[PDB]
Amino acid sequence: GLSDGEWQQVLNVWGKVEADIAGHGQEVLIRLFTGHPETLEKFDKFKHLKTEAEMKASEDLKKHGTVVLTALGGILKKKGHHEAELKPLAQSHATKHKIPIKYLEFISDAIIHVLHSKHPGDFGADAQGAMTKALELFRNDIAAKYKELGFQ
Ligand code: HEM
């Protein structure tokens, strides 16, 4: 649950992402894959990537980064009223991709890391607080659907 002022911070930060969605999406996935190499094994189309240089050179990884952040941005713009947008993603990630909630924690922290890396000194403590709360809400509502499905 976020206040109006917190949502305003989230959507202000998101403007930074929308200026370069592919570059942000690429770096988020690279941070996930290099920090948590077990996550790469869930992607049949990226498991061939052995080095970060190959990851950086992969145009399909940048494409998928655009898909991921476009979906997340659509959810964030609903300011919590995201049941219709979130349900299909919860279902596909639990039942088809088999993504444990832990990996959603990993990618949430990766987003925070990338924002500081690309905007050092321009991602203030209030903005980090609000973005963190928004990603916690996203993860918590996914977790509720995971529990319904019995997925661990
Ligand atoms: C912010 C969190 C995430 C968002 C918004 C997101 C979004 C998406 C979307 C929109 C798709 C394509 C449609 C679909 O299959 O539902 C997708 C596919 C997929 N996601 Fe995610 N995802 C997220 C996190 C993760 C994480 C953490 C993992 C694994 C560590 C993951 C694994 C996958 C896989 C394996 C696919 C299929 C890729 C393919 O072969 O095309 N997702 N995701």
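Don't overthink the numbers, they just go from 1 along the chain as shown.
The backbone N, Cα and C atoms fix where each Cβ goes, and this holds for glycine too.
Sequence annotations record features per position, and here Swiss-Prot assigns domain 'Globin' to 1-147 based on sequence analysis. Under DSSP, the residues of the domain 'Globin' (1-147) split into helix, strand and coil as follows: 115 helix, 0 strand, 32 coil.
Here Swiss-Prot flags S3 as phosphoserine, drawing on similarity to another entry. Close to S3 (phosphoserine) in the fold, though at least 6 residues off in sequence, lies no residue with a CB less than 8 Å from its CB.
In sequence order, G25, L29, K45, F46 make up the list of same-chain residues 6 or more apart from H64 (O2 binding site) whose Cβ falls under 8 Å from its Cβ. Taken from Swiss-Prot, the feature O2 binding site covers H64.
According to Swiss-Prot, the nitrite binding site annotation covers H64, on the basis of experimental evidence.
Its Cβ placed at the centre, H93 (heme b binding site) has 20 other Cβ atoms within 10 Å. As annotated by Swiss-Prot, heme b binding site applies to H93, with the evidence given as experimental evidence.
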